[PDB]
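**Student:** Protein chains in written order, with the deposited numbering: chain L, 1025 to 1268; chain D, 30 to 810, 830 to 1169; chain W, 830 to 878; chain C, 489 to 585; chain R, 2 to 98; chain S, 294 to 439.
Even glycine gets a Cβ: it sits at the ideal position worked out from N, Cα and C.
My questions will all concern the structure given below.
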DNA sequence: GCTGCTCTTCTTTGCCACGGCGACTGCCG
RNA sequence: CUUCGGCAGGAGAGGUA
DNA sequence: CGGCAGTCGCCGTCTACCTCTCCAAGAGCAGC
Ligand SMILES: Nc1nc2c(ncn2[C@@H]2O[C@H](COP(=O)(O)CP(=O)(O)OP(=O)(O)O)[C@@H](O)[C@H]2O)c(=O)[nH]1
Ligand SMILES: [Mg+2]
Ligand SMILES: [Mg+2]
Ligand SMILES: [Zn+2]
């Protein structure tokens, strides 16, 4: 019962309730001891701006991580931080991890966090079964500037189409588009498929049908669900061209 | 005891019962007596202190009358309900399919204020259904039961919450009425007492007080001991009841005529009138005892006063400020506390009388509108009481309630226990209660206030778990609707014999001791410290100085189905729940012998159920047969009783009654005279005693399977009769009426050999599947078709009765019908593989094998066992009462005698007399919580009489040495042997097997139909598609989804290819896709199927040479010659 | 939470009446889970598929 | 002789994983109940206290070949999630051994 | 009509001309079926002239009741002599004021 | 947000004049059949009375207009016709649902496709099939694994 | 003035979970 | 070669694994 | 002008099977 909630959270990619800040730079920690605010400001090592990590009430503790020496301890004033670290205690933000550390770190985080819940109850699933889900969860990019690529700023389009359009415009042209990796849930990535038949048969039929009708969409009929619905052989197993 | 002719069943109990179990059907009959206004109810209500006895219909009539118009010159009033005699007896109503009811008459008087003429005459108001002697209604020939509803009482409910921020404790109130709008005070983030009147807005409350009339000086003098009130008063911005009133008037309804006349109207018609706000008498009594207002003085009137609107806010403010006690000018001191909406002091019971009175009230309220309207249309001096009353809405409401409703339910008639448990049942659902997904997890749990009122064990296990319960054995219902339980008063340390009935509210103020306290035979507790139940459900130890009540007995907290499980305290809760629920699915057997070891509840659960014949007066029996009994009374009057032989039940079982008296016996009032379906000599008996061996056996009892003997089939130990009814009708057709005769157009004469002259089968004939029962022909388009009653698939039996109703022969038939025939077919079903068996302790399983007698394990003398059970399912399920019952059953069957030549053994010190010596085949009784301890069982197992020879088969541990019936070598270790009580459940494999190759299809979509009644297919849902996609099987899935389901053209081709022996052709297109395309087009959407170069495919059928070159209905039908 | 009053008797000796009453709270939570919280797992399975 | 070497598909609800459907070789028995092998009760999650199962019949040649090769009950012994065996002795057989 | 030839599925808004092109006639009477003769009324929701014949190779009047008279339109009723299965693929329309 | 719609209507060849209707299609009669009850009264068909209301208020508006009634009456009639059409397409979206016998909301065209009981999730992703049966299972400790 | 056929549905009392996400809309600063 | 003639929607309640 | 935060409205809530009952009425308008 307890276990499932957390799993669902993780997969949907929602903002954790009991969140924790993640260190953004690396230098000397500055815990400006307050009452209901254990503010940590941390000025950089080389130099730069500063992160106002505040609004952390005393309803959670601090990381008892292996302190920067070899031996473990808790957090105070005068500490050395490294890019990526749970300053507080709780469940970190996958979006923040993706923005700061990178896709490899976010995949590690997600796989470990999901595996712990099932492993605590005595259930053994190979890791390769969650890699496909995590791979499906991050395949899109966000557009900041468009120029000649006719992409709506702030929209989300697939990586392959992004690279194809960028290469097409960079030839006989000079304005590559810029993108940023994004992290998706399992519902909002399911509702953003190319075919409208599968999306309409998944959820929210009226909205999907309205958008498809307005946008004049076309279905290529190259999936398992569409081939099941219309009455063809699914393109998997004994129904692929090599064996048939 | 207390029954004139009960069998002798010795008991192991150690305590004494001061109270006797009440009538188990009183909850149903007392409410109807109150509603009708019977003399019995008047007597019972006059024996107790009551101001004035008001009935159930006269109260509605008094709340209705008088009816006056806008002018005020005429009025109409009602009084004096009366009931005539019943039209027809119960048996004829069940036979001829009509309702059991009696006419209702009332007298109405018309008032002419101007002149003064008086018109009074009695008016007819419909037929009112009447309750039979067993608490059931007969509607259109079917037995029905109206269950009780668990609802939340009207009143005030102060609640407290929590926060997700600042963490300040917010409070609120809620004046929930019975018919009206809801008020809703509350505090918030800052000090802002608001009032979301009628579910909307958020105005301050000072506006309300001012508007009402409380002048600033008074409001600030009284409501000025907390900074909350004075700070809300400051920022009010409202000054002048005019301004206030108008502010709220405008607020309620935006953009409206702001006339002050209609403003004062609204205000005094919202919470102060007399036809739009109706706090009942329970809600008024509950409001005038929470705040402390006018106590004692009659509960006349039913509208919210302003004193209690002020008191609500005073109580709220006090609560918020922490002060845990207050007293309003005029009252008593009342604790300032919060409320529990699940407490049994806040939930009441809507019994059958209230449930039907609500519908009568609705009908009368509907008819009042027509009555009032008719006064402005007719002319004075021509207005008559028989011209203003329309009695159609009332009868419509009554008929709509008694049929097609969620609380009047089809009765359960598997056995007497199921019928007796269908009533005494409390339902949390219905029109005004919870839902099956809205209900959360706090209302489907056990509360500490359920003790002695609702049983914590008996409940469904599906999606209805926690929403349905059963009344306890000793409980009764208040006049207001609250459940009561009896307690025995202990004063000054001595336990008296005065019994006091207490509700939860009164119970949570005292300390209640336990029934198993060590009384010193004079009322004095042996031990100073005793165990008690305190207010919050906590259990603590107190000295015997402040104890003031004591439980009347153990088993007080269990229901009637749970109180029939021996060794209940040794079973876990889930197994006991399953056993209690499974006892009501047992089928009535042909013999029904009584249990060897049982509880004391099987005698009184059969008399109150009503399935046995009970003598009404003392006398001497004159003559006895298998159809009737005649008893001659002491004054010379004679009374004869008739018996029901082979009558069909609601669920298809057989109900039989057999006399158990001789031709010279003397009977007394209350003695059982005839038996019933599951009754043996007056006691409930649902199973048989079988010899049990507990051991694994060659894998035939793997995973809850059971091995059975062949003697149980040879001697018809587990056999049951099952009856079925079939009906047909002859209706008028445009091309000519239909008729019943043996003139079936051109058909062989070897199939019309059992039909008599009129064209119906003959009694005593054996019928198979596909045989003519009633021959009928209908004019087609001497137009003679053939539509006859044939026996459905899989059925077979012996025709046992026929009933014919014909229009001509003065019969109240329907409209357009000329003849109705009903045929009854009976069968005798034996036990076989796949049938379900169970015990009383949660055991259940399916017959895996039936073994010959000569290859079953047998004892040293050659006695084979009857049933083998596995030992791997006992310890992990925590139901060890079955082994204790097995040991005690062996001890009771064999007989015993404890050797007491030198004194009495230490283990038998507490055993009563007449339990030191028993004879073979004895019957004993182990009560539910006071029974045989393990020490006495261990002692009795070692003093057991031998068999016909001088041998002892079962040693002191309850184990016997067995031989093997296939090889002959003895088993190397002893095995546990004994006697157990096994029941046959109504889940038989003859009613579960189904198969289909081709049959009828649906009309919109061309998929096979669903169900077993018609040849229907099995749904291949979404998850099976996922499994077949994960396997990789792409041709099997395609064939399953197109050819077998929707490809209308490929079905016949596949059939012909299979029949002629050729290859299976390619599939085509399904029909559901085309239906979807048509619907999408009909939603103004332009959907089209394209090709490799545009050119939308038409998708239009195709000219086919679909000529039938086989002529043999693929399946949609059958076959005739 | 945990009730500070334990049950000292086993199912071989037999529980008392209050001991048996305070033990029926744990059987409702465990039969009301099978019927109510299987939706939370079958909706997740459908979304995952 | 018409039911010889013609596989059938057996299924129990709910079908939680791939081994909720398996193919068997039918034999004719007396009675109205289906007999099921003890060792396949772990994949199906079946016990003998009132359970029921559904039966389906492949028709074409490709369907028969798929049922006989891909979905046969004697070819699926290991779990497709971890590789641990599923058709192995349990309960009574473990006690005997 | 082979399903293997399907290439795409397009959706979009439909205008009044498309709606009037799909239709075969306009309904103008709210009546559905006569309760006495059990036959659909004229120019109703179940009309034979616009939706199709109710019986195979039959007309509303009775002049044509044989297969060889298919295709032609009756001179009095105006219904088409064809299959009765054409009643689940013909549409109508309502002309709003 | 606004360009997400304007560009959609600009790129393609469609016109924005598809949201205002001038004619309404009618589904084939075989997809909305009427069923006889005990050889007596009809059991209604939900879809067949919404069309009835539409036709009724359309012929009323047409006659009022053809005779030349004042503006207020024709405006009220047009409002009522619009509400009836909206109830036909999606019943309960705005205002109170159109009820039938026994206070039961009627079933609209848009309810034939959505939900667990809609067409998509009940008749296209899972079906009923022929050559299928069902019975109770027991244990045979004599068979082989196949 | 008969009874079968036919047509039609708005004041007046009824009305009765919980989390997540996004538009929006008066509203204060 | 066999002329006409002959069917299957919703709502509610209770159960089994 | 310019943020802005509460609020409300719409989306979703496991699979397969068995038994039973009930399904508008009132008022006006004919053709004799
Ligand atoms: N999808 C659903 N399946 C159910 C439901 N109720 C019962 N079942 C099925 O019945 C099965 C219950 O079997 P058990 O409680 O005996 C589990 P197990 O045998 O391993 O434990 P023991 O009783 O101790 O032997 C459960 O696994 C389901 O397959 C339900 O509400 N929904
Ligand atoms: Mg099991
Ligand atoms: Mg089971
Ligand atoms: Zn014609």
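Have a look at residue 593(D) and residue 501(D) and give me their C-alpha separation to the nearest angstrom.
**Tutor:** Walking along the second chain from the start, residue 593(D) turns up at place 564. Walking along the second chain from the start, residue 501(D) turns up at place 472. Roughly 13 Å between the two C-alpha positions.
**Student:** For a minimum of 3 consecutive residues, which ranges assigned as the beta strand (DSSP E) are wholly contained in the region 853-886 of chain D?
**Tutor:** Correct list: 865-877 and 884-886.
**Student:** Going by the C-beta, is residue 629(D) closer than 8 Å to any heavy atom of ligand 3?
**Tutor:** Taking the first residue of the second chain as 1, we reach residue 629(D) at position 600. Result no, Cβ not under 8 Å from ligand 3.
**Student:** Taking only the alpha-carbon atoms, compute the straight-line gap between residue 462(D) and residue 452(D) and give it to the nearest angstrom.
**Tutor:** One-based indexing of the second chain puts residue 462(D) at position 433. One-based indexing of the second chain puts residue 452(D) at position 423. The straight-line gap from Cα to Cα measures roughly 19 Å.
**Student:** Helix, strand or coil: which one does DSSP assign to residue 570(D)?
**Tutor:** Here residue 570(D) corresponds to residue number 541 of the second chain, with the count starting at 1. Of the three classes helix, strand and coil, the one that applies to residue 570(D) here is strand, per DSSP.
**Student:** Look at residue 81(R) and residue 54(R) and say whether their C-beta atoms are less than 9 Å apart.
**Tutor:** Counted from its first residue, the fifth chain places residue 81(R) at position 80. Counted from its first residue, the fifth chain places residue 54(R) at position 53. In contact: residue 81(R) and residue 54(R) (Cβ atoms closer than 9 Å).
**Student:** Would you say the beta carbon of residue 502(C) comes nearer than 8 Å to a heavy atom of ligand 1?
**Tutor:** Your numbering for residue 502(C) matches position 14 in the fourth chain. Yes, since a heavy atom of ligand 1 falls inside the 8 Å radius drawn around the Cβ of residue 502(C).
**Student:** Determine contact between the region 238-251 of chain D and the region 283-295 of chain D, defined as no fewer than three beta-carbon pairs at a distance below 8 Å.
**Tutor:** Verdict: no, contact absent.
**Student:** Which term fits residue 564(C), buried or exposed, when burial requires 16 or more other beta carbons within 10 angstroms of its beta carbon?
**Tutor:** In the fourth chain, the residue the question calls residue 564(C) occupies position 76. Buried is the call here.
**Student:** Within the present structure, is the beta-carbon of residue 733(D) separated from the nearest heavy atom of ligand 6 by less than 8 Å?
**Tutor:** As far as ligands go, the structure on display features ligand 1, ligand 2, ligand 3 and ligand 4 and does not contain ligand 6.
**Student:** Is the number of C-beta pairs between the region 1034-1053 of chain D and the region 900-913 of chain D that are closer than 8 Å three or more?
**Tutor:** Verdict: no, contact absent.
**Student:** Going by CA-CA distance only, name the one from 445(D), 557(D), 717(D) and 781(D) that's closest to residue 679(D).
**Tutor:** Your numbering for residue 679(D) matches position 650 in the second chain. Taking only the C-alpha atoms, the option nearest residue 679(D) is 445(D).
**Student:** Count the other CB atoms within 10 Å of the CB of residue 575(D); is the residue buried (16 or more) or exposed (fewer)?
**Tutor:** Here residue 575(D) refers to the residue found at position 546 when the second chain is read from its first residue. Per the 10 Å Cβ criterion, exposed.
**Student:** Quick check: the Cα distance between residue 518(C) and residue 1094(D), rounded to an integer number of angstroms?
**Tutor:** As a working mapping, residue 518(C) is identified with position 30 in the fourth chain. As a working mapping, residue 1094(D) is identified with position 1046 in the second chain. Roughly 35 Å separates the two Cα atoms.
**Student:** What does the Cβ neighbour count give for residue 380(S), buried or exposed, with the cut at 16 atoms within 10 Å?
**Tutor:** One-based indexing of the sixth chain puts residue 380(S) at position 87. Buried: at least 16 other Cβ atoms inside 10 Å.
**Student:** Could you tell me whether the region 62-80 of chain D touches the region 1009-1020 of chain D, using the rule of 3 or more Cβ pairs below 8 Å?
**Tutor:** Short answer: they don't touch.
**Student:** Give, in chain order, every residue of the region 423-434 of chain S whose Cβ lies closer than 8 Å to some Cβ of chain C.
**Tutor:** For the region 423-434 of chain S, which is checked against every Cβ of chain C, the residues closer than 8 Å are 424, 425, 426, 427, 428, 429, 430, 431, 432, 433 and 434.
**Student:** Beta-carbon within less than 8 Å of residue 309(D)'s beta-carbon, same chain only, minus the 5 sequence neighbours each way: which residues are those?
**Tutor:** Counted from its first residue, the second chain places residue 309(D) at position 280. For residue 309(D), where only same-chain residues beyond five positions count, the Cβ hits under 8 Å are 183, 207 and 331.
**Student:** Count the other CB atoms within 10 Å of the CB of residue 211(D); is the residue buried (16 or more) or exposed (fewer)?
**Tutor:** Within the second chain, numbered from 1, the residue matching residue 211(D) stands at position 182. Exposed, because fewer than 16 other Cβ atoms sit within 10 Å of the Cβ of residue 211(D).
**Student:** For ligand 4, any of its heavy atoms closer than 8 Å to the Cβ of residue 13(R)?
**Tutor:** Within the fifth chain, the letter at position 12 stands for residue 13(R). Result no, Cβ not under 8 Å from ligand 4.
**Student:** Thinking C-beta only, is residue 582(D) closer than 9 Å to residue 554(D)?
**Tutor:** Position 525 of the second chain, counted from the first residue, corresponds to residue 554(D). Position 553 of the second chain, counted from the first residue, corresponds to residue 582(D). No, they are not a contact pair.
**Student:** Leaving out five residues before and five after residue 632(D) in sequence, what residues of the same chain have Cβ atoms less than 7 Å from its Cβ?
**Tutor:** For the purposes of this step, residue 632(D) is identified with residue 603 of the second chain, where counting begins at 1. Around residue 632(D): 32, 35, 711 and 712.
**Student:** Got a sec, what are the start and stop residues for the alpha helix (DSSP H) residue 652(D) sits in?
**Tutor:** Numbered from 1 along the second chain, position 623 holds the residue referred to as residue 652(D). First-last for residue 652(D): 648-653, but that is the beta strand (DSSP E), not the alpha helix (DSSP H).
**Student:** Secondary structure at residue 680(D), three-state DSSP: helix, strand or coil?
**Tutor:** In the second chain, the residue the question calls residue 680(D) occupies position 651. Three-state DSSP puts residue 680(D) in coil, outside helix and strand.
**Student:** Please check if any C-beta of chain L sits within less than 9 Å of the C-beta of residue 11(R).
**Tutor:** One-based indexing of the fifth chain puts residue 11(R) at position 10. Residue 11(R) counts as touching chain L.
**Student:** Could you say which of 841(D), 489(D), 876(D) and 802(D) lies nearest to residue 850(D) if we only look at CA atoms?
**Tutor:** One-based indexing of the second chain puts residue 850(D) at position 802. It is 802(D).
**Student:** Kindly give me the distance between the Cβ atoms of residue 545(C) and residue 496(C), rounded to whole angstroms, as I take these residues to be in contact under 8 Å.
**Tutor:** As a first step, residue 545(C) must be located in the fourth chain, where it is residue number 57. As a first step, residue 496(C) must be located in the fourth chain, where it is residue number 8. With 8 Å as the limit, residue 545(C) and residue 496(C) qualify as a contact, their Cβ atoms being about 6 Å apart.
**Student:** Can residue 538(C) be considered in contact with ligand 3, in the sense that its beta carbon sits closer than 8 Å to one or more heavy atoms?
**Tutor:** On the fourth chain, position 50 is the one that residue 538(C) refers to. Yes - ligand 3 has a heavy atom lying nearer than 8 Å to the Cβ of residue 538(C).
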